[PDB]
Amino acid sequence: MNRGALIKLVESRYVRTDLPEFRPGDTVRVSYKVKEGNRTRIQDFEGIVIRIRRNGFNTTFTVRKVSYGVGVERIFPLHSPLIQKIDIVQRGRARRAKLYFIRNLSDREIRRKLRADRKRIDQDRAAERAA
Amino acid sequence: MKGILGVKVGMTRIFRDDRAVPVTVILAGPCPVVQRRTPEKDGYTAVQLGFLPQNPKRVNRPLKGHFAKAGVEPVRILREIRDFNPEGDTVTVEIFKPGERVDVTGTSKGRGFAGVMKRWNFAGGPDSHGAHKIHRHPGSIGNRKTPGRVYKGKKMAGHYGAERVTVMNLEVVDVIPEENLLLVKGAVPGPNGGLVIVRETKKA
Amino acid sequence: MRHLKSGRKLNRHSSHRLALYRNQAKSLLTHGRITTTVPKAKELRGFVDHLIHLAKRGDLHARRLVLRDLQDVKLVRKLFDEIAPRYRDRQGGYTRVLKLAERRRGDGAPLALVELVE
Amino acid sequence: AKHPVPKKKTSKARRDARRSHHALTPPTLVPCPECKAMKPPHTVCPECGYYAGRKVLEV
Amino acid sequence: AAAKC
Amino acid sequence: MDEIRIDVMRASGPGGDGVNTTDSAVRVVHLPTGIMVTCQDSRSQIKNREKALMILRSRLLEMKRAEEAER
Amino acid sequence: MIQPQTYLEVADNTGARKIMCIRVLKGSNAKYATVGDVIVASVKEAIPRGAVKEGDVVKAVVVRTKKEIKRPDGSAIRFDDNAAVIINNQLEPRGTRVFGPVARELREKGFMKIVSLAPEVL
RNA sequence: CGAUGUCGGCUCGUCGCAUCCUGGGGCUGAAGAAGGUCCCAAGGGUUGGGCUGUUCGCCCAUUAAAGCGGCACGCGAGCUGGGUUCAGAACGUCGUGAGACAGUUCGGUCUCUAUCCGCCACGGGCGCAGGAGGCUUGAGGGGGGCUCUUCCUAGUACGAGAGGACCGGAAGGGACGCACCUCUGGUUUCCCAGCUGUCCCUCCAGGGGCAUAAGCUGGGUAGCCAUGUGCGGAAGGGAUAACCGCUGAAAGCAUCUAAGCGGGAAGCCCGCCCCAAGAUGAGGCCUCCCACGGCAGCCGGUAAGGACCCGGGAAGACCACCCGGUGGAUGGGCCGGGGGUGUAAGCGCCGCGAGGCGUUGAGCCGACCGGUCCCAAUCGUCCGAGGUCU
RNA sequence: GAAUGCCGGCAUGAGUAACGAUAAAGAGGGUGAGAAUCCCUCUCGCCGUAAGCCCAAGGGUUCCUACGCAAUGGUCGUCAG
Ligand SMILES: [Mg+2]
Ligand SMILES: [Mg+2]
Ligand SMILES: [Mg+2]
Ligand SMILES: [Mg+2]
Ligand SMILES: [Mg+2]
Ligand SMILES: [Mg+2]
Ligand SMILES: [Mg+2]
Ligand SMILES: [Mg+2]
Ligand SMILES: [Mg+2]
Ligand SMILES: [Mg+2]
Ligand SMILES: [Mg+2]
Ligand SMILES: [Mg+2]
Ligand SMILES: [Mg+2]
Ligand SMILES: [Mg+2]
Ligand SMILES: [Mg+2]
Ligand SMILES: [Mg+2]
Ligand SMILES: [Mg+2]
Ligand SMILES: [Mg+2]
Ligand SMILES: [Mg+2]
Ligand SMILES: [Mg+2]
Ligand SMILES: [Mg+2]
Ligand SMILES: [Mg+2]
Ligand SMILES: [Mg+2]
Ligand SMILES: [Mg+2]
Ligand SMILES: [Mg+2]
Ligand SMILES: [Mg+2]
Ligand SMILES: [Mg+2]
Ligand SMILES: [Mg+2]
Ligand SMILES: [Mg+2]
Ligand SMILES: [Mg+2]
Ligand SMILES: [Mg+2]
Ligand SMILES: [Mg+2]
Ligand SMILES: [Mg+2]
Ligand SMILES: [Mg+2]
Ligand SMILES: [Mg+2]
Ligand SMILES: [Mg+2]
Ligand SMILES: [Mg+2]
Ligand SMILES: [Mg+2]
Ligand SMILES: [Mg+2]
Ligand SMILES: [Mg+2]
Ligand SMILES: [Mg+2]
Ligand SMILES: [Mg+2]
Ligand SMILES: [Mg+2]
Ligand SMILES: [Mg+2]
Ligand SMILES: [Mg+2]
Ligand SMILES: [Mg+2]
Ligand SMILES: [Mg+2]
Ligand SMILES: [Mg+2]
Ligand SMILES: [Mg+2]
Ligand SMILES: [Mg+2]
Ligand SMILES: [Mg+2]
Ligand SMILES: [Mg+2]
Ligand SMILES: [Mg+2]
Ligand SMILES: [Mg+2]
Ligand SMILES: [Mg+2]
Ligand SMILES: [Mg+2]
Ligand SMILES: [Mg+2]
Ligand SMILES: [Mg+2]
Ligand SMILES: [Mg+2]
Ligand SMILES: [Mg+2]
Ligand SMILES: [Mg+2]
Ligand SMILES: [Mg+2]
Ligand SMILES: [Mg+2]
Ligand SMILES: [Mg+2]
Ligand SMILES: [Mg+2]
Ligand SMILES: [Mg+2]
Ligand SMILES: [Mg+2]
Ligand SMILES: [Mg+2]
Ligand SMILES: [Mg+2]
Ligand SMILES: [Mg+2]
Ligand SMILES: [Mg+2]
Ligand SMILES: [Mg+2]
Ligand SMILES: [Mg+2]
Ligand SMILES: [Mg+2]
Ligand SMILES: [Mg+2]
Ligand SMILES: [Mg+2]
Ligand SMILES: [Mg+2]
Ligand SMILES: [Mg+2]
Ligand SMILES: [Mg+2]
Ligand SMILES: [Mg+2]
Ligand SMILES: [Mg+2]
Ligand SMILES: [Mg+2]
Ligand SMILES: [Mg+2]
Ligand SMILES: [Mg+2]
Ligand SMILES: [Mg+2]
Ligand SMILES: [Mg+2]
Ligand SMILES: [Mg+2]
Ligand SMILES: [Mg+2]
Ligand SMILES: [Mg+2]
Ligand SMILES: [Mg+2]
Ligand SMILES: [Mg+2]
Ligand SMILES: [Mg+2]
Ligand SMILES: [Mg+2]
Ligand SMILES: [Mg+2]
Ligand SMILES: [Mg+2]
Ligand SMILES: [Mg+2]
Ligand SMILES: [Mg+2]
Ligand SMILES: [Mg+2]
Ligand SMILES: [Mg+2]
Ligand SMILES: [Mg+2]
Ligand SMILES: [Mg+2]
Ligand SMILES: [Mg+2]
Ligand SMILES: [Mg+2]
Ligand SMILES: [Mg+2]
Ligand SMILES: [Mg+2]
Ligand SMILES: [Mg+2]
Ligand SMILES: [Mg+2]
Ligand SMILES: [Mg+2]
Ligand SMILES: [Mg+2]
Ligand SMILES: [Mg+2]
Ligand SMILES: [Mg+2]
Ligand SMILES: [Mg+2]
Ligand SMILES: [Mg+2]
Ligand SMILES: [Mg+2]
Ligand SMILES: [Mg+2]
Ligand SMILES: [Mg+2]
Ligand SMILES: [Mg+2]
Ligand SMILES: [Mg+2]
Ligand SMILES: [Mg+2]
Ligand SMILES: [Mg+2]
Ligand SMILES: [Mg+2]
Ligand SMILES: [Mg+2]
Ligand SMILES: [Mg+2]
Ligand SMILES: [Mg+2]
Ligand SMILES: [Mg+2]
Ligand SMILES: [Mg+2]
Ligand SMILES: [Mg+2]
Ligand SMILES: [Mg+2]
Ligand SMILES: [Mg+2]
Ligand SMILES: [Mg+2]
Ligand SMILES: [Mg+2]
Ligand SMILES: [Mg+2]
Ligand SMILES: [Mg+2]
Ligand SMILES: [Mg+2]
Ligand SMILES: [Mg+2]
Ligand SMILES: [Mg+2]
Ligand SMILES: [Mg+2]
Ligand SMILES: [Mg+2]
Ligand SMILES: [Mg+2]
Ligand SMILES: [Mg+2]
Ligand SMILES: [Mg+2]
Ligand SMILES: [Mg+2]
Ligand SMILES: [Mg+2]
Ligand SMILES: [Mg+2]
Ligand SMILES: [Mg+2]
Ligand SMILES: [Mg+2]
Ligand SMILES: [Mg+2]
Ligand SMILES: [Mg+2]
Ligand SMILES: [Mg+2]
Ligand SMILES: [Mg+2]
Ligand SMILES: [Mg+2]
Ligand SMILES: [Mg+2]
Ligand SMILES: [Mg+2]
Ligand SMILES: [Mg+2]
Ligand SMILES: [Mg+2]
Ligand SMILES: [Mg+2]
Ligand SMILES: [Mg+2]
Ligand SMILES: [Mg+2]
Ligand SMILES: [Mg+2]
Ligand SMILES: [Mg+2]
Ligand SMILES: [Mg+2]
Ligand SMILES: [Mg+2]
Ligand SMILES: [Mg+2]
Ligand SMILES: [Mg+2]
Ligand SMILES: [Mg+2]
Ligand SMILES: [Mg+2]
Ligand SMILES: [Mg+2]
Ligand SMILES: [Mg+2]
Ligand SMILES: [Mg+2]
Ligand SMILES: [Mg+2]
Ligand SMILES: [Mg+2]
Ligand SMILES: [Mg+2]
Ligand SMILES: [Mg+2]
Ligand SMILES: [Mg+2]
Ligand SMILES: [Mg+2]
Ligand SMILES: [Mg+2]
Ligand SMILES: [Mg+2]
Ligand SMILES: [Mg+2]
Ligand SMILES: [Mg+2]
Ligand SMILES: [Mg+2]
Ligand SMILES: [Mg+2]
Ligand SMILES: [Mg+2]
Ligand SMILES: [Mg+2]
Ligand SMILES: [Mg+2]
Ligand SMILES: [Mg+2]
Ligand SMILES: [Mg+2]
Ligand SMILES: [Mg+2]
Ligand SMILES: [Mg+2]
Ligand SMILES: [Mg+2]
Ligand SMILES: [Mg+2]
Ligand SMILES: [Mg+2]
Ligand SMILES: [Mg+2]
Ligand SMILES: [Mg+2]
Ligand SMILES: [Mg+2]
Ligand SMILES: [Mg+2]
Ligand SMILES: [Mg+2]
Ligand SMILES: [Mg+2]
Ligand SMILES: [Mg+2]
Ligand SMILES: [Mg+2]
Ligand SMILES: [Mg+2]
Ligand SMILES: [Mg+2]
Ligand SMILES: [Mg+2]
Ligand SMILES: [Mg+2]
Ligand SMILES: [Mg+2]
Ligand SMILES: [Mg+2]
Ligand SMILES: [Mg+2]
Ligand SMILES: [Mg+2]
Ligand SMILES: [Mg+2]
Ligand SMILES: [Mg+2]
Ligand SMILES: [Mg+2]
Ligand SMILES: [Mg+2]
Ligand SMILES: [Mg+2]
Ligand SMILES: [Mg+2]
Ligand SMILES: [Mg+2]
Ligand SMILES: [Mg+2]
Ligand SMILES: [Mg+2]
Ligand SMILES: [Mg+2]
Ligand SMILES: [Mg+2]
Ligand SMILES: [Mg+2]
Ligand SMILES: [Mg+2]
Ligand SMILES: [Mg+2]
Ligand SMILES: [Mg+2]
Ligand SMILES: [Mg+2]
Ligand SMILES: [Mg+2]
Ligand SMILES: [Mg+2]
Ligand SMILES: [Mg+2]
Ligand SMILES: [Mg+2]
Ligand SMILES: [Mg+2]
Ligand SMILES: [Mg+2]
Ligand SMILES: [Mg+2]
Ligand SMILES: [Mg+2]
Ligand SMILES: [Mg+2]
Ligand SMILES: [Mg+2]
Ligand SMILES: [Mg+2]
Ligand SMILES: [Mg+2]
Ligand SMILES: [Mg+2]
Ligand SMILES: [Mg+2]
Ligand SMILES: [Mg+2]
Ligand SMILES: [Mg+2]
Ligand SMILES: [Zn+2]
C-alpha cells in the first residue's frame, strides 16, 4: 500500500483549484462565509499574507491587517469551503518566507521592506489579456 | 458485536457542514473468516479474522494447514472479534455506516523507559530555589516505619506505551468501500502503519 | 525516544561529526579502500555517494559544491576526471561496506572495509 | 544521599547465584566455502581473503 | 550536620 | 466559653526541638465580636490558655465599660 | 489565555485603561480565560474622573486575546493585545463606546450590546 | 544517648469517618425557594491569591465544596533550609564580672556509588509427559468513579407579594484521565538563508574553519509534544444502607416482621478499559511432524519447527518484541513526490560605486510518502520428537 | 570467640563506581610475536599576555644514544621522565 497516496485520495474531493496563487508579502482580500446569529453573510478580510505553511491539502496561510488601531491576524485553511474568493489586492516582494518581523514595524517601515513586486505585477497585467 | 482488522493510514481533516473535522483514516478490510469459535467446540462465540495477504514462501507448515482448512490464501494477521458471527466468509468496511460509533484498539507509541513526569504526569521538582538534582524526581515513595514498605502499584518510572489501548466511541465520518477505507473522527492509538481493531462501540 | 530519526551521532558534537565525515571522504576518495569501524563505514556510504554523484554531474556548480566538503582541488580533479567516469552508468551505490572478521585488539571494536565499487 | 552500604556480606551461594548469567556464549562460526576455515558469518574470510565467492583482500 | 538540641 | 474558640499551635522563636514540636501557643477568639488574644508567653499551653482568657475577658470588659460610659 | 496577574487593555470609555485579572469566572478553578469569558479584575490604571477608578474591583468580559482563537471551521484569529470590556453583574457594558475589533465569539455568548457597540466584529 | 535528624514548605501519596461537597433519607417552628437537625453513605472531589519561616489564623477573589484526622504530628540514604539548633555581631534586659535570655536582631558547610526486604519496569532458567506454529477462555487482579451552569417543562405547582419548584427533557462548561499530531502552537546541534570578525583555499569570484559543547541571526520537515484534537466518568442489570411500604400473627386492636413480599444511594456485585494459565488448579481450540538408529534411563542422526548470524524497526538501556535476509524493497545510495529555505553558481545588462535586474520560485535540500536490485542482508551452522504408569 | 583488641592473610560490596577537565579526532604507510595507543605522511581540531620562548627557586641525571618491556604508566605499548 501507499499510505500517503490513500490520504491524498481522501482529500481529493476537498481540494480547490479556483484560487489565485499568492506569496508572503502579497496584499490579499479573503472573502469569507460567516454565520451570525441566524444567517450567513460574506465578510471581507484584507491584509498582508505573512505566512503560507504548506502541507498539501492541509496548507494554511495567515493574513495580517490593522483594524481600528488594533493589529489582527487571521489564519485560513487554503482549501476551506468557507472561502468564497481571494482577490490579489497588491504584489509585495519579500526576502524570506515568513514575515513575522512586520508585527514590530511602523507603517513607513513595512512600506519600505515589502515593496511592489513589479515583475509579478506585470505578470498579473500580462495575464487577463486572455480575451 | 461486529469487528474488523485494519491498518492506521494517517491523519488529515475533512470539511462537513462548514466544520473542519479531524479524521484518522483506516484501511480496514477485507478480512476473510479463518475460524469460527462456537459454544460447542470452544465454549464461546468469536470469529477469527485474517488480514493482509502474506508471501506463501514465508508461512510454515502448521499455519499453511490452518489456512487450508479454511480455503484462504496465507495471511499476515489472525485476530478474533469476540461475540461476532459475520454472515458470509469475508468481513469488509461495509459493516459500518457513516454516523455509527466505534471503539478502536491499537498499540500505543512506545516511550521506552519513561520518567515519572512523562509516564504519570508527576509535578517533578523546582528548577531553582535550591532544588538539588531532583528536578524530574518523584519525591517521597512512602511513609516511615509504618507500613515500612511501598504499596504495590506505586507509580514509578518504567516502560510506557507500546501497549494495548482502546479509545472508545469514535464517530465513523465516512466509509469508502472501493478503497477499503474508514474515516473515524479523532485520534487512534499507535503509529501510522500500525495494526488496529475496529469494533462497534459499547457506549450508548 | 529516537522515533524515525536518521543519522548516527558517533559520540561527537556537530562540527566534529561533519569533519569526521569529510576526512573519511578525503581518504576513501584518495585510496579507494579504507578500513574503519563498522558504524563509521555505514555512515560514510551516504556522504561519499553524494559527492560522487555531483562529480557525475560535472558542472562548475557541482565542483564548487563538492569542494565545500573535500577542499582539495587536486582530489576533486581526480574525483571528476578519473572516478566519476567509472560510474556514469551506475545508479547510485558507488560505495561498498564489507565486514572484517577480527576485532581491533585494544578496544574490541568491529572493523569493516569501505571501498569504491568497480 | 547518605552513603548506602551493604548490610551483610553476600554469601558464597548468593554471590555465585548472581553469576549464573555470566557464562560466555561461544562465537558463531561458519566454514568458509572457499578454504573450509571456520570464520564468523558475514565477514570476509581472514584466512584466504574471500567473500561472496571472490577475493576481496590479501591475507 | 544539624543538631538534636 | 461556648462563644469562645481556642486555637492551639506551635509558638515562634527559640526552643529547639521543644518549640518545633509543642502546641504551646494559644489564640482565643471571641466569636461574636471577633476580637482575639494570643499567648505564647510560656512553654505551657495550659498557662498560655489561662493568660489568654484572662486578657480576653479584661478587654471585653473594658469594651463593655466603655459603651456604658459613652451612653 | 488570560489568568490572574494578566494585564488587559480596556476597550471602552469607562475611564479604566489597564485592568489586572484576579479571577477567571468559569467554574471552580479554570486556569485560563479566552474571548467571551468573564473575569474579576483590579483597575490598575485609569484616566481621571471616569466611571471607575484605580483600585476598583470590576468585572469584565475579554474581547481580544493575543493567543489565537480556534474556530470549528478550521480558521483562527489573533489580536495584538489582550482587551476586555468592563461590565456589571448583569453582563451589560458599563461604558457607552467599545474601541476596536472584538471576536465574533462574543455574539454566540450573549454579549450582544457589546458586539453592537464594537466598530468591527472579526 | 558505641545517634530513632528534629518546624514549616515541596513532592508523592494512602488510610479512617466523627461527612466540607456531591448521592439517598427521617424530623422541622418544612407553603415554595432556601435553610436547620439527625440518619445512611468514604466513590470521586475538596481552587488561585495577600501577610507571616510559620503550623495556626485573618483577608481578597471565586467554588458544588473550599472537611477533619492517622500513617515516627507520613515522607531530609527524596529535595528544600526560611524557622528552630553550635561558633561572629548588636539592641533590650539581668549580672560587679566572665557571661546569660520559649527576648529580639543580621549572618552562618544538609554526606556522588543501594547489599537485603519492598516498589517500578525488563529478561534468563525450568516447569506445565511427545515435539512444534498459531489463536484464545478468564480464575484472579488493576484502572476508572467529580461536578456546575443555562435552557425547556414553567414564570406553571406553592405564595398576599417578593420570589419560585419536584418529576422529566435538552444544551454548554471546569478540573482530571487515556490516546493522538489533521489543525493551532512549540522544539527541530546543521534542513535552507542572511551577517560580523579573523585565518585559510586561490588573486578576483566562490568557498572552508573558528568565534558553544549551533559564532550570531531569520526561518524550519519528520519526530517528540500542549497551549492543540478526539474520547472517558456511564448507560444498564442485580443485591443493599438509612428510610418508606404490602400482607401479618404473637397480643380479637395495632404492628414493615415474628412466616412471606415490595421500593430504596455518587456507595456494593456485575457491566467499561488494561493485565492475567508460574490459575504448579500450569485451562481450551485449530493446525504441523511422527512409531529413526544404537547398549519412565542413555546416546547419536533427523522431522515439524526453532535458534545462531546478518539488514533493520514510531520496539528498545542490555535483553525482549516486531519485520526483512537475493524466491529480497530490510537499511544505504539513486530517482519522483512532499517539505523547508526563498530566486544558487556562472553569465549578460544598468550604475563611478555599494548594489540592482534577468536567466530563476532558481539552487540547495534530514528524517516524511513512494519507486528502483545500484550497494549491502554472501555462504551457512547448531539445536530440535520417537511420546511414563494405571 | 568477642576487648570499634593487635599483626598478618584472605573474603564481601563487584566484574560494580571509576580510569583525573567536553581542545577531537580520521585515514594511509612503517615497525613488531603482539599496535586505537610507537614512528612517518596527509586531513581535522585546541592554545597563541600561552597551553609559545627566556631567567630565578626548587628538583638532582630526569639530558643524548643504543638495547629492553617484569614492574611503574589509571587501558595498550614495539613507547616513555
Ligand atoms: Mg501524510
Ligand atoms: Mg499597514
Ligand atoms: Mg528594499
Ligand atoms: Mg522583481
Ligand atoms: Mg506484519
Ligand atoms: Mg496500532
Ligand atoms: Mg504519543
Ligand atoms: Mg521524571
Ligand atoms: Mg507531562
Ligand atoms: Mg502520561
Ligand atoms: Mg511542579
Ligand atoms: Mg506548583
Ligand atoms: Mg516544573
Ligand atoms: Mg535546573
Ligand atoms: Mg543546598
Ligand atoms: Mg539529590
Ligand atoms: Mg540543578
Ligand atoms: Mg525523589
Ligand atoms: Mg523520616
Ligand atoms: Mg526511618
Ligand atoms: Mg510492615
Ligand atoms: Mg507501538
Ligand atoms: Mg514494552
Ligand atoms: Mg490505555
Ligand atoms: Mg459524544
Ligand atoms: Mg461526508
Ligand atoms: Mg484500499
Ligand atoms: Mg491487536
Ligand atoms: Mg525519553
Ligand atoms: Mg533525548
Ligand atoms: Mg529510518
Ligand atoms: Mg548529521
Ligand atoms: Mg559520549
Ligand atoms: Mg564523547
Ligand atoms: Mg564513550
Ligand atoms: Mg563549532
Ligand atoms: Mg587523506
Ligand atoms: Mg583504519
Ligand atoms: Mg574509527
Ligand atoms: Mg568548469
Ligand atoms: Mg551542500
Ligand atoms: Mg560483511
Ligand atoms: Mg564480528
Ligand atoms: Mg592494543
Ligand atoms: Mg586496551
Ligand atoms: Mg541528596
Ligand atoms: Mg541526603
Ligand atoms: Mg548531593
Ligand atoms: Mg555513596
Ligand atoms: Mg549488618
Ligand atoms: Mg554484600
Ligand atoms: Mg560472611
Ligand atoms: Mg557454600
Ligand atoms: Mg566468599
Ligand atoms: Mg545474589
Ligand atoms: Mg561456589
Ligand atoms: Mg553481575
Ligand atoms: Mg561458557
Ligand atoms: Mg470546644
Ligand atoms: Mg511551639
Ligand atoms: Mg519571626
Ligand atoms: Mg536558648
Ligand atoms: Mg512535647
Ligand atoms: Mg520566660
Ligand atoms: Mg477615573
Ligand atoms: Mg494609584
Ligand atoms: Mg492610590
Ligand atoms: Mg464598558
Ligand atoms: Mg484601543
Ligand atoms: Mg538518644
Ligand atoms: Mg555503630
Ligand atoms: Mg548502633
Ligand atoms: Mg551511628
Ligand atoms: Mg492525609
Ligand atoms: Mg456515620
Ligand atoms: Mg454543617
Ligand atoms: Mg448530603
Ligand atoms: Mg441530600
Ligand atoms: Mg424545600
Ligand atoms: Mg418558608
Ligand atoms: Mg434534611
Ligand atoms: Mg434522624
Ligand atoms: Mg467519599
Ligand atoms: Mg507581593
Ligand atoms: Mg504565601
Ligand atoms: Mg500562612
Ligand atoms: Mg500565627
Ligand atoms: Mg450546595
Ligand atoms: Mg457554601
Ligand atoms: Mg486557601
Ligand atoms: Mg514528621
Ligand atoms: Mg502534617
Ligand atoms: Mg519529615
Ligand atoms: Mg538533607
Ligand atoms: Mg523537613
Ligand atoms: Mg527517611
Ligand atoms: Mg536516612
Ligand atoms: Mg529515604
Ligand atoms: Mg533512613
Ligand atoms: Mg537557617
Ligand atoms: Mg542558610
Ligand atoms: Mg560544638
Ligand atoms: Mg543596655
Ligand atoms: Mg551579683
Ligand atoms: Mg549593668
Ligand atoms: Mg543587682
Ligand atoms: Mg533575661
Ligand atoms: Mg539568643
Ligand atoms: Mg515563650
Ligand atoms: Mg532571634
Ligand atoms: Mg534586635
Ligand atoms: Mg537568626
Ligand atoms: Mg551573606
Ligand atoms: Mg556529590
Ligand atoms: Mg540491589
Ligand atoms: Mg532484608
Ligand atoms: Mg528484589
Ligand atoms: Mg519467563
Ligand atoms: Mg497439568
Ligand atoms: Mg508433551
Ligand atoms: Mg503455542
Ligand atoms: Mg482474554
Ligand atoms: Mg475477573
Ligand atoms: Mg496469585
Ligand atoms: Mg462513582
Ligand atoms: Mg417560565
Ligand atoms: Mg405543570
Ligand atoms: Mg415574579
Ligand atoms: Mg432537571
Ligand atoms: Mg483518579
Ligand atoms: Mg496524554
Ligand atoms: Mg503522538
Ligand atoms: Mg505534521
Ligand atoms: Mg505541529
Ligand atoms: Mg506549527
Ligand atoms: Mg518539525
Ligand atoms: Mg548542511
Ligand atoms: Mg556554519
Ligand atoms: Mg569566514
Ligand atoms: Mg573574496
Ligand atoms: Mg583554524
Ligand atoms: Mg583557535
Ligand atoms: Mg571550540
Ligand atoms: Mg555567548
Ligand atoms: Mg534556529
Ligand atoms: Mg519556530
Ligand atoms: Mg513541527
Ligand atoms: Mg511535527
Ligand atoms: Mg507525541
Ligand atoms: Mg491541554
Ligand atoms: Mg468532556
Ligand atoms: Mg431492587
Ligand atoms: Mg388486618
Ligand atoms: Mg399494617
Ligand atoms: Mg421475615
Ligand atoms: Mg427490597
Ligand atoms: Mg412502595
Ligand atoms: Mg446505580
Ligand atoms: Mg456519575
Ligand atoms: Mg489479553
Ligand atoms: Mg493466555
Ligand atoms: Mg497436573
Ligand atoms: Mg493456587
Ligand atoms: Mg500453560
Ligand atoms: Mg496450554
Ligand atoms: Mg494439557
Ligand atoms: Mg475452556
Ligand atoms: Mg525467540
Ligand atoms: Mg537495533
Ligand atoms: Mg521505539
Ligand atoms: Mg534488543
Ligand atoms: Mg549486549
Ligand atoms: Mg540493542
Ligand atoms: Mg542476542
Ligand atoms: Mg511471531
Ligand atoms: Mg526470521
Ligand atoms: Mg540465508
Ligand atoms: Mg535464515
Ligand atoms: Mg530497500
Ligand atoms: Mg530505498
Ligand atoms: Mg513488503
Ligand atoms: Mg539506518
Ligand atoms: Mg517539492
Ligand atoms: Mg515547495
Ligand atoms: Mg536576482
Ligand atoms: Mg543567479
Ligand atoms: Mg555572484
Ligand atoms: Mg550573481
Ligand atoms: Mg560596468
Ligand atoms: Mg534587493
Ligand atoms: Mg523547492
Ligand atoms: Mg539527500
Ligand atoms: Mg526532492
Ligand atoms: Mg539530490
Ligand atoms: Mg505525519
Ligand atoms: Mg523490481
Ligand atoms: Mg558456510
Ligand atoms: Mg581471632
Ligand atoms: Mg568470652
Ligand atoms: Mg581494644
Ligand atoms: Mg588490627
Ligand atoms: Mg607476612
Ligand atoms: Mg592488615
Ligand atoms: Mg586485618
Ligand atoms: Mg589480600
Ligand atoms: Mg574482593
Ligand atoms: Mg570482583
Ligand atoms: Mg556489566
Ligand atoms: Mg552495585
Ligand atoms: Mg551502574
Ligand atoms: Mg568511585
Ligand atoms: Mg574519578
Ligand atoms: Mg561507568
Ligand atoms: Mg575548562
Ligand atoms: Mg578525560
Ligand atoms: Mg564545557
Ligand atoms: Mg580549548
Ligand atoms: Mg572522543
Ligand atoms: Mg580520515
Ligand atoms: Mg586514528
Ligand atoms: Mg591512526
Ligand atoms: Mg594506523
Ligand atoms: Mg598500540
Ligand atoms: Mg600491542
Ligand atoms: Mg589519543
Ligand atoms: Mg608519530
Ligand atoms: Mg596575540
Ligand atoms: Mg640549580
Ligand atoms: Mg623529586
Ligand atoms: Mg634514573
Ligand atoms: Mg612494562
Ligand atoms: Mg606490558
Ligand atoms: Mg609483552
Ligand atoms: Mg627484562
Ligand atoms: Mg602500571
Ligand atoms: Mg600497563
Ligand atoms: Mg594515574
Ligand atoms: Mg618489538
Ligand atoms: Mg626525553
Ligand atoms: Zn577462506
Side-chain angles (χ1 to χ4, degrees), chain A residues 2 4 58 96-98, chain B residues 11-13 22 35 42-44 48 60-63 65-66 78 109-110 112-113 123 125 130-132 134 137-140 142-146 149-150 154 156-159 162 165-169 186-187 189 191 202 204, chain C residues 1 3-6 13-14 16 19-20 23-24 26-27 31 34 45-46 49 60-61 64 68 71 90-93 96-97 104 106-107, chain D residues 1-4 6-10 21 28 30 33 41-42 51-52, chain E residues 2-5, chain F residues 7 9-11 13-17 19-20 43, chain G residues 4 22-23 26-30 40 68 70 74 76:
Chain A
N2 183 320
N58 274 110
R96 62 224 320 107
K98 309 293 188 296
Chain B
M11 280 204 77
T12 188
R13 62 181 177 179
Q35 175 156 22
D42 307 285
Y44 69 107
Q48 189 190 269
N60 60 40
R61 290 184 48 90
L63 299 153
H66 179 62
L78 294 180
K109 281 183 165 164
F113 216 115
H132 183 41
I134 47 83
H137 273 250
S140 157
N143 305 312
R144 202 162 173 192
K145 205 164 199 34
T146 305
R149 60 182 191 94
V150 182
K154 188 70 174 186
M156 291 184 145
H159 283 198
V165 188
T166 292
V167 179
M168 291 184 68
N169 212 20
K202 279 173 195 51
Chain C
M1 274 153 279
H3 291 176
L4 301 184
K5 276 171 189 179
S6 200
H13 55 67
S14 67
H16 185 178
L20 164 71
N23 292 348
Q24 303 219 142
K26 302 182 182 175
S27 311
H31 302 102
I34 69 181
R45 303 177 294 175
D49 281 12
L60 178 60
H61 191 44
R64 294 193 169 187
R68 292 181 179 181
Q71 299 276 107
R90 192 181 280 275
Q91 310 296 124
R96 141 199 305 147
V97 169
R104 176 203 285 174
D107 60 19
Chain D
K2 294 188 176 84
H3 199 145
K7 183 67 156 188
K8 308 300 302 172
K9 170 166 176 176
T10 295
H21 302 291
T28 292
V30 299
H42 304 77
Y51 192 78
Chain E
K4 189 176 159 170
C5 301
Chain F
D7 293 323
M9 71 237 71
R10 261 63 131 280
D17 57 49
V19 68
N20 298 348
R43 307 155 185 264
Chain G
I22 68 191
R23 189 78 193 156
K26 205 178 188 305
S28 144
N29 61 347
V40 186
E68 65 281 347
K70 304 189 70 201

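Proteins come first, then strands; the chains are lettered A, B, ... in the order of their sequence lines, and each starts at number 1.
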Specify the separation, in whole Å, of atom [atom1] of [X] and atom [atom2] of [N].
X         : N        : atom1 : atom2 : result
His159(B) : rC321(H) : NE2   : P     : 14 Å
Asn143(B) : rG76(H)  : CG    : P     : 10 Å
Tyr51(D)  : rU326(H) : OH    : P     : 13 Å

Side-chain-base donor-acceptor pair under 3.5 Å for [X] and [N]:
X         : N        : result
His132(B) : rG81(H)  : no
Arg13(B)  : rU182(H) : no
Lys9(D)   : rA11(I)  : yes
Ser6(C)   : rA222(H) : no

Among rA317(H), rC273(H), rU6(H), which nucleotide has an atom closest to any side-chain atom of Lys202(B)?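 Among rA317(H), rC273(H), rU6(H), the one nearest the side chain of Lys202(B) is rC273(H).
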
Side chain of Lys2(D) only, heavy atoms from C-beta on: which candidate in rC379(H), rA314(H), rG76(H) is closest?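 In terms of side-chain proximity for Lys2(D), the closest of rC379(H), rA314(H), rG76(H) is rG76(H).
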
Identify whether the glycosidic angle of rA3(I) places it syn (within 90° of 0) or anti.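 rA3(I): anti.
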
Reading 5' to 3' through nucleotides 124-139 of chain H, protein heavy-atom contacts under 4.0 Å coded B for base, S for sugar-phosphate only, - for none: B--------BBBSSS-

Closest-nucleotide 5' rank along RNA chain H - winner of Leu60(C) and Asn58(A):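 Upstream on the strand: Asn58(A).
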
On RNA chain H, compare the nucleotides closest to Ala187(B) and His3(C); which residue's is nearer the 5' end?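 Upstream on the strand: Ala187(B).
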
Sugar-phosphate only, base, or nothing, as touched by [X] at under 4.0 Å among non-hydrogen atoms:
X         : result
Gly106(C) : base
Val40(G)  : sugar-phosphate
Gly4(A)   : sugar-phosphate
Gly139(B) : base
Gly186(B) : sugar-phosphate

Furanose pucker, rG103(H), classified by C1'-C2'-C3'-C4': north

With both distances required to be under 3.5 Å, indicate if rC110(H) and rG208(H) make a Watson-Crick or G-U pair. no

Under a 3.5 Å limit on both key distances, is there a Watson-Crick or G-U wobble pair between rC231(H) and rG300(H)? no

Any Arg144(B) side-chain nitrogen or oxygen under 4.0 Å from OP1 or OP2 of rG76(H): no

